[PDB]
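Read the structure below first, then the notes.
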Ligand SMILES: Cc1cc2nc3c(=O)[nH]c(=O)nc-3n(C[C@H](O)[C@H](O)[C@H](O)COP(=O)(O)OP(=O)(O)OC[C@H]3O[C@@H](n4cnc5c(N)ncnc54)[C@H](O)[C@@H]3O)c2cc1C
Ligand SMILES: Cc1cc2nc3c(=O)[nH]c(=O)nc-3n(C[C@H](O)[C@H](O)[C@H](O)COP(=O)(O)OP(=O)(O)OC[C@H]3O[C@@H](n4cnc5c(N)ncnc54)[C@H](O)[C@@H]3O)c2cc1C
Ligand SMILES: [Cl-]
Ligand SMILES: [Cl-]
Ligand SMILES: [Cl-]
Ligand SMILES: [Cl-]
Ligand SMILES: [Cl-]
Ligand SMILES: [Cl-]
Ligand SMILES: [Cl-]
């Protein structure tokens, strides 16, 4: 029950974000497409990451969040997460398995 | 390595939000204040737990977040979380310990 260090807050935040995207509507209205985009932009301005190698502010303004659909948003967030993985020497996550991981459970039934 | 259940998603999101508030500026600009207000508003529309989001939307529309300062916002978020605690039968968190819990660590160097 101590303050989150970078690693712990990261783990909290990916879990929240990927779950957010997993339950985002398959067919979002324009207003929802715009709320989610805006949400991700505001997130980029406030996420605590002092002296982080990933400049997420700049990253979110260059490769803008694609909030057209659940799968678009899901895949965009997965690519973002993989950019952070690369800088940190963590292996690439296979983005095609994003639903198994965060919504449905691995096909092997272990969830 | 499996999808978040309601309890897991919850633990991660609070950690993320209290930490977000803990690193919010002491004297934020009018634009930061408005951004954070909007962030929370959109959050309440999209939080993946359906029952949970309808619940917090109605609590947030009742008392909008005070994003005036790190203190106001952190405390506001503490009070919001204590409402969910009460509904769920969990103990009250002493909001005077919030800075210690999510920012500075316990005054006794326990962290
Ligand atoms: C926006 C953001 C920026 C960050 N920037 C930095 C930084 O610059 N420097 C730094 O040191 N730390 C940064 N962090 C924290 C860091 O990314 C990790 O969270 C932390 O290092 C813990 O790593 P981990 O090995 O526990 O797994 P995490 O990266 O936290 O991943 C947790 C789980 O998500 C799943 N996962 C992994 N990759 C993907 C993917 N591509 N798509 C979907 N699911 C995936 C895996 O199952 C993994 O176990 C950042 C975190 C966030 C949210
Ligand atoms: C916005 C939101 C709405 C939710 N709505 C529901 C719902 O309607 N129904 C439901 O069943 N679950 C809901 N949840 C999930 C639920 O609140 C808990 O997260 C979950 O039950 C796990 O609780 P926990 O005992 O592990 O501790 P959590 O409540 O998840 O808290 C995690 C840690 O935060 C610290 N903490 C506790 N209270 C405070 C506080 N008030 N201020 C600062 N720090 C604190 C404590 O150290 C605690 O160990 C919601 C979660 C969120 C984020
Ligand atoms: Cl509009
Ligand atoms: Cl809107
Ligand atoms: Cl922005
Ligand atoms: Cl901006
Ligand atoms: Cl910006
Ligand atoms: Cl911008
Ligand atoms: Cl977890």
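Numbers in chain A track Swiss-Prot; the residues on display, in order, are 87-197.
Even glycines carry a Cβ here, placed using N, Cα and C.
Features reported for this protein in Swiss-Prot:
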BINDING   A:92-100, A:104, A:133, A:164-176, A:187-188  FAD binding site
DISULFID  A:135-A:138  disulfide bond
DISULFID  A:164-A:181  disulfide bond
DOMAIN    A:88-188  domain 'ERV/ALR sulfhydryl oxidase'
Practice problem: Using a 10 angstroms cut-off on Cβ to Cβ distances, just flag whichever of A:135, A:138, A:164 is the loneliest among these disulfide-bonded residues. | Solution: A:138
Quiz item: Can you name the disulfide-bonded residues among A:135, A:164, A:181 whose CA is within 10 A of the CA of residue A:173 (FAD binding site)?
Solution: none
Self-check item: Under 8 Å by Cβ from residue A:100 (FAD binding site), counting only residues of that chain that are 6 or more apart
Solution: A:167
Exercise. In whole Å, note down how far the CA of residue A:135 (disulfide bond) lies from the CA of residue A:96 (FAD binding site).
Key: 9
Quiz item: When C-beta separations to chain B are restricted to under 8 angstroms, which of the recorded positions A:135, A:164, A:165, A:169, A:187 qualify?
Solution: A:187
Practice problem: With H, G and I counted as helix, E and B as strand and the rest as coil, say where DSSP puts residue A:96 (FAD binding site). | Solution: helix
Self-check item: Candidates A:92, A:165, A:187 (binding-site residues) - the one closest to residue A:138 (disulfide bond) by CA
Solution: A:92
Practice problem: May I ask which of the binding-site residues A:92, A:165, A:169, A:187 is closest to residue A:135 (disulfide bond) if we compare their C-alpha atoms? | Solution: A:92
Quiz item: Across all protein chains in the structure, which of the binding-site residues A:92, A:165, A:173, A:187 has the highest Cβ count within 10 Å?
Solution: A:187
Quiz prompt | DSSP-derived structure type at residue A:181 (disulfide bond), helix or strand or else coil | solution = helix
Quiz item: Taking only the binding-site residues A:92, A:165, A:169, A:187, which one has a CA atom nearest to the CA atom of residue A:181 (disulfide bond)?
Solution: A:165
Quiz item: Using Cα coordinates, what distance in whole Å links residue A:92 (FAD binding site) and residue A:164 (disulfide bond)?
Solution: 19
Quiz item: Counting across all protein chains shown, how many other Cβ atoms sit within 10 Å of the Cβ of residue A:169 (FAD binding site)?
Solution: 13
